[PDB]
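Visitor: First the structure, which I've put down as C-alpha cells, then a few questions once you've had a look.
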Amino acid sequence: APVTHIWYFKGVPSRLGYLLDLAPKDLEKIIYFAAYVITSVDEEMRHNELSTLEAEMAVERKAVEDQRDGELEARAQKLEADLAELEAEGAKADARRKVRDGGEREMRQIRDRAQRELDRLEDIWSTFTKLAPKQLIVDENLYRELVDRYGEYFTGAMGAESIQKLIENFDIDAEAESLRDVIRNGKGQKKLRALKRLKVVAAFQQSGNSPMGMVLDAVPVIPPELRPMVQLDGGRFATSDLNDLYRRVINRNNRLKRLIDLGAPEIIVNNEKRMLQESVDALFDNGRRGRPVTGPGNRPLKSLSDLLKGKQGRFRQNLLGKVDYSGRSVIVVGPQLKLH
Amino acid sequence: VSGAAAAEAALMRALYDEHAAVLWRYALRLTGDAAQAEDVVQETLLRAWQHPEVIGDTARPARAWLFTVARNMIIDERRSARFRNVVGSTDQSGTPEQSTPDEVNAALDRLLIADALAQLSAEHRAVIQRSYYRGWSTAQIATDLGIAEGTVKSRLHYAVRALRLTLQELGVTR
DNA sequence: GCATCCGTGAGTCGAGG
DNA sequence: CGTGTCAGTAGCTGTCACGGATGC
RNA sequence: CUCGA
C-alpha cells in the first residue's frame, strides 16, 4: 500500500498541505484512516439526475414522517386508554400521573428517534449536493451511506493512496497561476499565506520532478554494514535500532499482503495500512509524530534521520571534525626553552 | 445478496469498537511495547474473523477468548528468536563499537614481496602472479601461457625457492 | 483576524564504566 | 497445535527562549 | 554513570 514520507507531511510547514491547500490536521485525519476524502465527483451526471434523486429523497423523508406520526398516535391512544382503565380501577390520581409521565417520556423518545433519522437524511442529501474533490468526511457511517446511495457519482478513498490520487489529479500549472493571480492583487492578511504556497508549488513546476515522490511505493534499505549486528562476549547478540525499524516495516507489510489475499474485512486492512504508515514514519524519523517507538527499557529507537541530527549526527561528529599521528599528555612549564 | 457480505464487515467493525482498545491494553502490559501490542491486536482479531464460532454466540463473552489468543501469541514471541537477539542495541550505550586493525604489517609484507618479485625472471614472475595473485589452477596457468603441465609445476617450485633466497638474504623472519 | 502550540537551539577535550 | 466465566502501560513536568505555522 | 581542564 502506498505510504507518505513523514518529512513532507509532519515536517513544518507541511509541504503536502501547501501543495493541496489542505489543513495540517485534515491531512492527519486522511493519512491515518480517520476520515475519507473525495477524490472525484461526476458533477454533470449529478446534474442530469438531481431531480430524480431529490424526489426519491423527499419520498423517503415523507415515509419517515408518516411512520413517526402513526407510531406516536398508537402510543398516545394506548396512553389515554391505560389512564382510563386505571381510572375505572379506581387507582389514586398520583399513580395515574406516573403512568402519564411515563407515556410522555415514551412519546418523546419516539419523536426523537425519528428526528435523528430525519437529520441524517438531511446531512446525506446536503453532503451529496455540495460534493467536490478534496472534501473530508470524518463520519464513517455518513460516507457509508453516500456510497450506498450515490456511489455511481463520486469516488473517495482513505489513507495515503488517496493523497497519491489527489497529487495525480492535480494541475500544477493552473494552481501555480491561481496563486499568482492572488499574489498580484491581494490583501496581505490572505496574501502572505498564498506567497508561501507558491514557494512550494513553483518548485515542483520549474524543476521538472513530480510531487508524486512524496508518496512512496517502495522504501530503500541501507546496506547492512551501516546498521551492523555484533556478537556479544556473553553469547547473545546486539544489533542496530535500524534493523528493528526495518523489521517492523517488513512484519506489517507482509501481514498486509495476507489480509489482501484473504479478503479480510476492510476494517482490518485499513487498520493494518495505518500501522504500515506509522512504521515507515518511525523508520525515517521516529518520534516526529506522536510518541516514539520505544525499545527495551522505554528508550526511543534511533531513526535514519537521527544519523544526521545535532552534535552526534554524521555531519558534526564525523565530517566537520574527525586523526592518526597524534598524542596527548600533561603540560609542564619549561623556563629554559626558547619561544620556538 | 451483497448486503449479506456487507453485514459481515459491519460485524467485524462492531467487535473492533468494543474489544480492540481493551485488548491493546492487555497486550501492552504483557509486552511493554506499544508497537508490539498493535501487532497482537491485529493478529487476534484476524483469528476472530477466521473463527465464526467465536463471533456466533453474542450471549457468550468473546472478550475472554481474545485475551487467551493474545496471551498465547505473546508467549510464543518470547521464545528462541527473541532469546538471543533482543538483548542489545548498538545505538544504546555500553556496547563496544567494531574496529578493524591497521594494514601496516600487511603493507610491509606487500612491499618486501614486491621487491623480491622484481628480481625474478619474467617467466617465474608471470607464474606466481597467476597462481597466488589470481588463484588459478595448475592446468589453468598451463592453458593460458601455452606451456606444459609440469612446466608450471617446476616454475612454481623454483620461483618460491627463489623468493625464499631473496627474503632470507634481506633478513625476513621465517 | 490573533492566541495557541509546535519545533528548534542550548562549549570543547580527556579518563574510566 | 488450540485457544474461550473477573481477566486492562509505567511513567511522569522540576528546562526555556524564541519564532512562526497551526488553529477557534 | 563518575571524574579532569
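So you can find residues: chains in the C-alpha cells are A, B, ... in the order shown, residues in each start at 1, and ligands are numbered from 1 in order.
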Excluding residue 4 in chain E and its own-chain neighbours fewer than 4 positions away, which residues fall within 12 Å of it when counting only C-alpha atoms (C1' of nucleotides)? Please give them as a PyMOL selection string.

Guide: (chain A and resi 330) or (chain C and resi 13-16)

Visitor: What does the file look like for those residues with N, CA and C atoms (P, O5', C5', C4', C3', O3' and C1' of nucleotides), as a PDB file, in the first residue's frame?

Guide:
```pdb
ATOM      1  N   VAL A 330      50.255  15.496  29.867  1.00  0.00           N
ATOM      2  CA  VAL A 330      50.215  16.637  30.774  1.00  0.00           C
ATOM      3  C   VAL A 330      51.282  17.651  30.374  1.00  0.00           C
TER       4      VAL A 330
ATOM      5  P    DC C  13      35.200  17.895  20.862  1.00  0.00           P
ATOM      6  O5'  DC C  13      36.353  17.506  21.904  1.00  0.00           O
ATOM      7  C5'  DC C  13      37.719  17.696  21.557  1.00  0.00           C
ATOM      8  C4'  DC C  13      38.626  17.509  22.763  1.00  0.00           C
ATOM      9  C3'  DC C  13      38.600  16.134  23.398  1.00  0.00           C
ATOM     10  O3'  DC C  13      39.402  15.222  22.662  1.00  0.00           O
ATOM     11  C1'  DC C  13      38.614  17.813  25.076  1.00  0.00           C
ATOM     12  P    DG C  14      39.136  13.642  22.788  1.00  0.00           P
ATOM     13  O5'  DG C  14      39.554  13.293  24.295  1.00  0.00           O
ATOM     14  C5'  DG C  14      40.925  13.304  24.667  1.00  0.00           C
ATOM     15  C4'  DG C  14      41.091  13.155  26.170  1.00  0.00           C
ATOM     16  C3'  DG C  14      40.543  11.875  26.764  1.00  0.00           C
ATOM     17  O3'  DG C  14      41.465  10.814  26.579  1.00  0.00           O
ATOM     18  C1'  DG C  14      40.005  13.731  28.151  1.00  0.00           C
ATOM     19  P    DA C  15      40.970   9.290  26.681  1.00  0.00           P
ATOM     20  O5'  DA C  15      40.796   9.040  28.252  1.00  0.00           O
ATOM     21  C5'  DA C  15      41.946   8.908  29.076  1.00  0.00           C
ATOM     22  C4'  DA C  15      41.551   8.652  30.518  1.00  0.00           C
ATOM     23  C3'  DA C  15      40.713   7.404  30.740  1.00  0.00           C
ATOM     24  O3'  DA C  15      41.562   6.272  30.936  1.00  0.00           O
ATOM     25  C1'  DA C  15      39.726   9.254  31.863  1.00  0.00           C
ATOM     26  P    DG C  16      41.245   4.874  30.205  1.00  0.00           P
ATOM     27  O5'  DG C  16      40.185   4.142  31.166  1.00  0.00           O
ATOM     28  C5'  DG C  16      40.543   3.749  32.508  1.00  0.00           C
ATOM     29  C4'  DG C  16      39.367   3.950  33.441  1.00  0.00           C
ATOM     30  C3'  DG C  16      38.299   2.869  33.349  1.00  0.00           C
ATOM     31  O3'  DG C  16      38.497   1.871  34.348  1.00  0.00           O
ATOM     32  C1'  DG C  16      37.336   5.089  33.398  1.00  0.00           C
TER      33       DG C  16
END
```

Visitor: List the spatial neighbours of range 301-304 of chain A as an mmCIF file with N, CA and C atoms, in the first residue's frame - criterion: any atom at most 10 Å away, only C-alpha atoms (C1' of nucleotides), same-chain residues fewer than 3 positions off excluded.

Guide:
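Below you can see out.cif, which holds the result:
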```cif
data_model
loop_
_atom_site.group_PDB
_atom_site.id
_atom_site.type_symbol
_atom_site.label_atom_id
_atom_site.label_comp_id
_atom_site.auth_asym_id
_atom_site.auth_seq_id
_atom_site.Cartn_x
_atom_site.Cartn_y
_atom_site.Cartn_z
ATOM 1 N N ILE A 222 19.124 0.472 3.795
ATOM 2 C CA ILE A 222 20.525 0.899 3.872
ATOM 3 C C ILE A 222 21.412 -0.338 3.975
ATOM 4 N N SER A 240 21.732 -3.003 15.547
ATOM 5 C CA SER A 240 21.369 -1.600 15.433
ATOM 6 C C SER A 240 19.854 -1.436 15.494
ATOM 7 N N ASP A 241 19.416 -0.259 15.951
ATOM 8 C CA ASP A 241 17.984 0.015 16.024
ATOM 9 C C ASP A 241 17.341 0.012 14.645
ATOM 10 N N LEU A 242 18.083 0.433 13.618
ATOM 11 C CA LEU A 242 17.528 0.475 12.270
ATOM 12 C C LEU A 242 17.032 -0.894 11.826
ATOM 13 N N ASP A 244 15.597 -3.103 13.761
ATOM 14 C CA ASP A 244 14.270 -3.249 14.356
ATOM 15 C C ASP A 244 13.226 -2.468 13.570
ATOM 16 N N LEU A 245 13.563 -1.245 13.154
ATOM 17 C CA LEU A 245 12.617 -0.434 12.394
ATOM 18 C C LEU A 245 12.315 -1.069 11.043
ATOM 19 N N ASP A 281 7.027 5.770 9.029
ATOM 20 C CA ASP A 281 7.273 7.053 9.679
ATOM 21 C C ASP A 281 8.318 6.931 10.780
ATOM 22 N N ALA A 282 8.351 5.797 11.482
ATOM 23 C CA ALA A 282 9.372 5.586 12.501
ATOM 24 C C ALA A 282 10.726 5.257 11.888
ATOM 25 N N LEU A 283 10.738 4.540 10.761
ATOM 26 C CA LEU A 283 11.999 4.199 10.112
ATOM 27 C C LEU A 283 12.740 5.447 9.652
ATOM 28 N N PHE A 284 12.010 6.443 9.156
ATOM 29 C CA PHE A 284 12.637 7.653 8.640
ATOM 30 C C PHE A 284 12.860 8.699 9.725
ATOM 31 N N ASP A 285 11.909 8.860 10.651
ATOM 32 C CA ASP A 285 12.021 9.911 11.664
ATOM 33 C C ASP A 285 11.124 9.508 12.839
ATOM 34 N N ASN A 286 11.616 8.565 13.641
ATOM 35 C CA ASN A 286 10.876 8.099 14.805
ATOM 36 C C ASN A 286 10.719 9.228 15.812
ATOM 37 N N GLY A 287 9.505 9.370 16.343
ATOM 38 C CA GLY A 287 9.195 10.412 17.294
ATOM 39 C C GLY A 287 8.676 11.696 16.690
ATOM 40 N N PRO A 292 7.357 8.296 20.363
ATOM 41 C CA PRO A 292 8.321 7.485 19.612
ATOM 42 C C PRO A 292 8.217 6.010 19.964
ATOM 43 N N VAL A 293 8.613 5.171 19.008
ATOM 44 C CA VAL A 293 8.636 3.726 19.216
ATOM 45 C C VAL A 293 9.736 3.410 20.223
ATOM 46 N N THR A 294 9.344 2.971 21.415
ATOM 47 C CA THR A 294 10.305 2.667 22.464
ATOM 48 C C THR A 294 10.838 1.251 22.307
ATOM 49 N N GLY A 295 12.132 1.088 22.561
ATOM 50 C CA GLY A 295 12.733 -0.219 22.614
ATOM 51 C C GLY A 295 12.669 -0.781 24.019
ATOM 52 N N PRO A 296 13.527 -1.756 24.319
ATOM 53 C CA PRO A 296 13.578 -2.304 25.683
ATOM 54 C C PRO A 296 14.094 -1.258 26.661
ATOM 55 N N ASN A 298 12.067 1.518 27.655
ATOM 56 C CA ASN A 298 11.474 2.818 27.329
ATOM 57 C C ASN A 298 12.509 3.767 26.732
ATOM 58 N N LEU A 307 20.686 9.763 12.329
ATOM 59 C CA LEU A 307 22.086 9.622 11.953
ATOM 60 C C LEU A 307 22.698 10.925 11.458
ATOM 61 N N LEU A 308 21.890 11.966 11.258
ATOM 62 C CA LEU A 308 22.363 13.226 10.710
ATOM 63 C C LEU A 308 22.104 14.424 11.612
ATOM 64 N N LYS A 309 21.350 14.258 12.696
ATOM 65 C CA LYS A 309 20.909 15.379 13.515
ATOM 66 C C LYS A 309 21.918 15.712 14.605
ATOM 67 N N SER B 89 21.378 -3.148 21.797
ATOM 68 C CA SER B 89 21.267 -2.226 20.679
ATOM 69 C C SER B 89 22.564 -1.438 20.560
ATOM 70 N N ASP B 91 23.048 1.398 19.024
ATOM 71 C CA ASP B 91 22.751 2.784 19.373
ATOM 72 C C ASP B 91 22.777 2.985 20.883
ATOM 73 N N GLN B 92 22.309 1.992 21.634
ATOM 74 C CA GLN B 92 22.345 2.065 23.087
ATOM 75 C C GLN B 92 23.784 2.064 23.588
#
```

Visitor: Using only C-alpha atoms (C1' of nucleotides), can you tell me which of B:27, B:9, B:59, B:148 comes closest to chain D?

Guide: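 Looking at the shortest contact to chain D, the residue is B:27.
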
Visitor: Would you write out, as CSV, a table of all residues in chain B that have an atom no more than 12 Å from an atom of chain C, listing for each the closest atom pair and the distance in Å to one decimal, considering only C-alpha atoms (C1' of nucleotides) and ordering rows by chain and rising residue number?

Guide:
```
residue,atom,partner,partner_atom,distance
B:93,CA,C:17,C1',10.4
B:94,CA,C:17,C1',8.1
B:95,CA,C:17,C1',11.1
B:96,CA,C:17,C1',11.7
```

Visitor: Show which residues sit within 12 Å of residue 7 in chain D, as a PyMOL selection string. Count only C-alpha atoms (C1' of nucleotides), and ignore same-chain residues fewer than 4 positions away.

Guide: chain B and resi 22-23+25-26+61+63-68+71

Visitor: Output C-alpha atoms for every residue in that selection, as a PDB file, in the first residue's frame.

Guide:
```pdb
ATOM      1  CA  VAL B  22      -9.208  -3.132  25.752  1.00  0.00           C
ATOM      2  CA  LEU B  23      -7.205  -5.912  24.089  1.00  0.00           C
ATOM      3  CA  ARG B  25      -4.063  -2.520  26.901  1.00  0.00           C
ATOM      4  CA  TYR B  26      -3.811  -6.198  27.867  1.00  0.00           C
ATOM      5  CA  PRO B  61     -18.188 -13.435  26.167  1.00  0.00           C
ATOM      6  CA  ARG B  63     -13.617 -10.975  25.125  1.00  0.00           C
ATOM      7  CA  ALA B  64     -12.258 -13.896  27.162  1.00  0.00           C
ATOM      8  CA  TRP B  65     -11.373 -15.862  24.021  1.00  0.00           C
ATOM      9  CA  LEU B  66      -9.458 -12.816  22.761  1.00  0.00           C
ATOM     10  CA  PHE B  67      -7.359 -12.409  25.918  1.00  0.00           C
ATOM     11  CA  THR B  68      -6.378 -16.082  25.677  1.00  0.00           C
ATOM     12  CA  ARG B  71      -1.678 -14.366  25.698  1.00  0.00           C
TER      13      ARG B  71
END
```

Visitor: Quick one: everything within 6 Å of range 2-6 of chain A, counting only C-alpha atoms (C1' of nucleotides), minus sequence neighbours fewer than 3 positions away in the same chain. Send it as a ChimeraX atom specification.

Guide: /A:9-10,160-161,214-217,277,281

Visitor: With C-alpha atoms retained, export the selected residues as a tab-separated table (two decimals), in the first residue's frame.

Guide:
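After the write, selection_38.tsv holds the following:
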```
chain	number	residue	atom	x	y	z
A	9	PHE	CA	3.69	15.58	5.88
A	10	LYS	CA	4.61	16.20	9.54
A	160	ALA	CA	-2.07	7.55	1.76
A	161	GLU	CA	-3.31	6.04	-1.51
A	214	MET	CA	6.33	12.48	-1.56
A	215	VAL	CA	4.26	9.26	-1.60
A	216	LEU	CA	6.35	6.08	-1.57
A	217	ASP	CA	5.62	2.74	-3.21
A	277	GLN	CA	2.28	4.13	7.67
A	281	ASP	CA	7.27	7.05	9.68
```

Visitor: Identify all chain D residues at most 12 Å from chain A by counting only C-alpha atoms (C1' of nucleotides); ligands do not count. Present them as a PyMOL selection string.

Guide: chain D and resi 9-11+20-23

Visitor: For residue 133 in chain A, which of A:234, A:211, A:156, A:103 is the closest residue, counting only C-alpha atoms?

Guide: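 Using only C-alpha atoms, residue 133 in chain A sits closest to A:156.
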
Visitor: Which residues are close to residue 197 in chain A, i.e. within 8 Å by only C-alpha atoms (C1' of nucleotides), leaving aside same-chain residues fewer than 2 positions away? Reply as a PyMOL selection string.

Guide: chain A and resi 18-19+179+193-195+199-201

Visitor: Given the selection you just returned, output its residues as a file containing N, CA and C atoms, formatted as a CSV table (one decimal), in the first residue's frame.

Guide:
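Generated file (selection.csv):
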```csv
chain,number,residue,atom,x,y,z
A,18,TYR,N,0.6,22.6,1.8
A,18,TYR,CA,0.8,23.7,1.0
A,18,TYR,C,0.5,23.4,-0.5
A,19,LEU,N,0.8,22.2,-0.9
A,19,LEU,CA,0.5,21.8,-2.3
A,19,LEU,C,-1.0,21.6,-2.6
A,179,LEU,N,-2.4,30.9,-7.7
A,179,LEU,CA,-1.7,31.5,-6.6
A,179,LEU,C,-1.1,32.9,-7.0
A,193,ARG,N,-0.1,34.0,3.1
A,193,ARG,CA,-0.4,32.6,3.1
A,193,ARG,C,-0.4,32.0,1.7
A,194,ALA,N,-0.6,32.9,0.7
A,194,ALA,CA,-0.5,32.5,-0.7
A,194,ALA,C,0.9,32.6,-1.3
A,195,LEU,N,1.7,33.5,-0.7
A,195,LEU,CA,3.1,33.6,-1.2
A,195,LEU,C,3.8,32.3,-0.8
A,199,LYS,N,5.8,29.2,-3.0
A,199,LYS,CA,7.2,28.8,-2.8
A,199,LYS,C,7.3,27.3,-3.0
A,200,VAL,N,6.3,26.5,-2.5
A,200,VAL,CA,6.3,25.1,-2.7
A,200,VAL,C,5.9,24.6,-4.0
A,201,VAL,N,4.8,25.3,-4.6
A,201,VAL,CA,4.3,24.8,-5.8
A,201,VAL,C,5.2,25.2,-7.0
```

Visitor: How many Å separate CA of residue 149 in chain A from CA of residue 110 in chain A?

Guide: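 These atoms are spaced 25.9 Å apart.
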
Visitor: Tell me as JSON, numbers by chain which residues belonging to chain A come within 9 Å of chain B, counting only C-alpha atoms.

Guide: {"A": [227, 228, 229, 230, 232, 235, 236, 237, 238, 239, 240, 241, 248, 251, 252, 255, 259, 264, 265, 266, 267, 268, 271, 272, 275, 279, 293, 294, 295, 296, 297, 298, 299, 301, 302]}

Visitor: Write the residues you've just listed into a file as a compact mmCIF listing (two decimals), in the first residue's frame, and include C-alpha atoms for each of them.

Guide:
```
# COMPACT_ATOMS: atom_id res chain seq x y z
CA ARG A 227 23.46 -0.97 10.55
CA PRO A 228 25.63 -3.84 11.79
CA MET A 229 24.73 -6.64 14.19
CA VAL A 230 27.58 -7.52 16.55
CA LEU A 232 28.48 -10.16 22.45
CA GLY A 235 26.95 -15.37 23.56
CA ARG A 236 23.98 -13.07 22.93
CA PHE A 237 23.62 -10.54 20.10
CA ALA A 238 23.38 -6.75 19.87
CA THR A 239 22.07 -5.10 16.71
CA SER A 240 21.37 -1.60 15.43
CA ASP A 241 17.98 0.02 16.02
CA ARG A 248 8.68 -3.90 11.94
CA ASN A 251 6.42 -7.63 9.53
CA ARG A 252 3.48 -5.28 8.99
CA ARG A 255 0.71 -9.08 7.23
CA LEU A 259 -5.10 -9.59 4.56
CA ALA A 264 -10.26 -9.77 5.23
CA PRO A 265 -12.78 -7.10 6.29
CA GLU A 266 -11.90 -3.55 5.30
CA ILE A 267 -11.61 -2.63 8.99
CA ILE A 268 -8.65 -4.99 9.42
CA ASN A 271 -6.22 -0.55 10.42
CA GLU A 272 -3.23 -2.51 9.09
CA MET A 275 0.25 0.69 11.10
CA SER A 279 6.22 2.00 10.80
CA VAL A 293 8.64 3.73 19.22
CA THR A 294 10.30 2.67 22.46
CA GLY A 295 12.73 -0.22 22.61
CA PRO A 296 13.58 -2.30 25.68
CA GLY A 297 13.67 0.00 28.69
CA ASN A 298 11.47 2.82 27.33
CA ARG A 299 14.35 4.02 25.14
CA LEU A 301 14.85 3.92 18.92
CA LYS A 302 17.14 5.90 16.63
```

Visitor: What are the residues of chain D lining chain B at 6 Å or less? Count only C-alpha atoms (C1' of nucleotides), and put the answer as a ChimeraX atom specification.

Guide: /D:3-4,8-9

Visitor: Report the residues of range 6-172 of chain B whose backbone DSSP state falls under helix (DSSP H, G or I), written as a PyMOL selection string.

Guide: chain B and resi 6-31+34-49+52-56+62-77+80-85+104-118+122-131+138-145+149-169

Visitor: At a cut-off of 12 Å, which residues of chain A touch chain C? Count only C-alpha atoms (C1' of nucleotides) and give the answer as a tab-separated table (two decimals) with N, CA and C atoms, in the first residue's frame.

Guide:
```
chain	number	residue	atom	x	y	z
A	10	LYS	N	4.55	15.70	8.17
A	10	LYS	CA	4.61	16.20	9.54
A	10	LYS	C	5.65	17.30	9.72
A	11	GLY	N	6.65	17.37	8.86
A	11	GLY	CA	7.63	18.44	8.93
A	11	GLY	C	7.02	19.80	8.69
A	12	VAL	N	7.33	20.77	9.55
A	12	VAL	CA	6.70	22.09	9.48
A	12	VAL	C	7.53	23.02	8.60
A	13	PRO	N	6.91	23.75	7.66
A	13	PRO	CA	5.47	23.66	7.35
A	13	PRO	C	5.14	22.45	6.49
A	188	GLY	N	-2.67	41.60	2.29
A	188	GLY	CA	-1.52	40.97	2.94
A	188	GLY	C	-1.89	39.94	3.98
A	189	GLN	N	-3.06	40.08	4.61
A	189	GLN	CA	-3.52	39.08	5.57
A	189	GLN	C	-3.69	37.72	4.90
A	190	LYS	N	-4.29	37.69	3.71
A	190	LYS	CA	-4.53	36.46	2.98
A	190	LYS	C	-3.58	36.27	1.81
A	288	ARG	N	8.76	11.85	15.37
A	288	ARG	CA	8.31	13.09	14.74
A	288	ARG	C	6.82	13.32	14.94
A	289	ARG	N	6.02	12.27	14.79
A	289	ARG	CA	4.58	12.34	15.01
A	289	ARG	C	4.21	11.44	16.18
A	309	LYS	N	21.35	14.26	12.70
A	309	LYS	CA	20.91	15.38	13.51
A	309	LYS	C	21.92	15.71	14.61
A	310	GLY	N	22.11	17.01	14.84
A	310	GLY	CA	22.75	17.51	16.04
A	310	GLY	C	24.24	17.21	16.15
A	311	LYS	N	24.73	17.33	17.39
A	311	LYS	CA	26.16	17.16	17.66
A	311	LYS	C	26.61	15.72	17.44
A	321	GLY	N	34.51	17.38	12.07
A	321	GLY	CA	35.62	17.04	12.93
A	321	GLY	C	35.88	15.55	12.93
A	327	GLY	N	49.02	12.58	19.68
A	327	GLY	CA	49.13	12.14	21.06
A	327	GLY	C	48.75	13.25	22.01
A	328	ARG	N	48.80	12.94	23.30
A	328	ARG	CA	48.41	13.90	24.33
A	328	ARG	C	49.06	13.51	25.65
A	329	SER	N	49.37	14.52	26.46
A	329	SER	CA	49.96	14.30	27.78
A	329	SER	C	49.82	15.58	28.61
A	330	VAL	N	50.26	15.50	29.87
A	330	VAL	CA	50.22	16.64	30.77
A	330	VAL	C	51.28	17.65	30.37
```

Visitor: Work out how far CA of residue 44 in chain B is from CA of residue 15 in chain B, in Å to one decimal.

Guide: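 That distance, rounded to one decimal, is 11.6 Å.
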
Visitor: For range 163-169 of chain B, work out the shell of residues within 10 Å, counting only C-alpha atoms (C1' of nucleotides) and skipping chain neighbours fewer than 2 positions away, then give it as a ChimeraX atom specification.

Guide: /B:112-113,115-120,158-161,171-174
